[PDB]
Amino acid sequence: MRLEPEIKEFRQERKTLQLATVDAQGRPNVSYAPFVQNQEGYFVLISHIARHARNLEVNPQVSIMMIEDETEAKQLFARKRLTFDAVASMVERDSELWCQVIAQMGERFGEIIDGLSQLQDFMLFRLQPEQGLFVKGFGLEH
């Protein structure tokens, strides 16, 4: 497959981001979150109870990775993946952006989003890429 269409198929199939966040003193945390993406950036809906949400609140930098499953990988030392760093911003509840992304998320993930989007500790973060994109295992590399 050609590079560009393979990237597209991958972004459409993968439902989760792996995230590296940091607290105010720069202690690292790794976590994951289901996501949707659109013209405004990548969006995750996560719990303030968990560290990654409290981290993105105080220190709005994230390293993001979208990666194929261990069991799907031809080569474990070369998992097909897309990686990029981003700047995090919280999305105001019930704002126009909020309603759009929640809608999108419901469409991708279904009923579950109904409950989650009601809970006060669940915050919506917009993540916007800034320093490039790394792509491994696509096109000529597949």
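Residue numbers here begin at 1 and follow the sequence given.
Participant: If you average the CA temperature factors over each stretch, which comes out higher, 89 to 97 or 27 to 35?
Facilitator: 89 to 97 has the higher mean C-alpha B-factor.
Participant: Mean Cα B factor from the PDB record: higher for 108 to 116, or higher for 53 to 61?
Facilitator: Result of the comparison: 108 to 116.
Participant: Considering every modelled residue of the chain and its Cα B-factor in the PDB entry, is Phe122 in the lowest, middle or highest third?
Facilitator: For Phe122, whose C-alpha B-factor we compare with every modelled residue in the chain, the answer is the highest third.
Participant: How does the C-alpha B factor of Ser47 compare with the rest of the chain: lowest, middle or highest third?
Facilitator: Answer is middle: the recorded C-alpha B-factor places it there.
Participant: If you rank the chain by CA B-factor, which third does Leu76 end up in: lowest, middle or highest?
Facilitator: For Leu76, the deposited C-alpha B-factor lands in the middle third.
Participant: Going by the CA temperature factor in the PDB record, which third of the chain does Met1 belong to: lowest, middle or highest?
Facilitator: Its C-alpha B-factor, which the entry lists for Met1, ranks in the highest third among residues of this chain.
Participant: Relative to the other modelled residues in the chain, which third contains the C-alpha temperature factor of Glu40: lowest, middle or highest?
Facilitator: For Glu40, the deposited C-alpha B-factor lands in the highest third.
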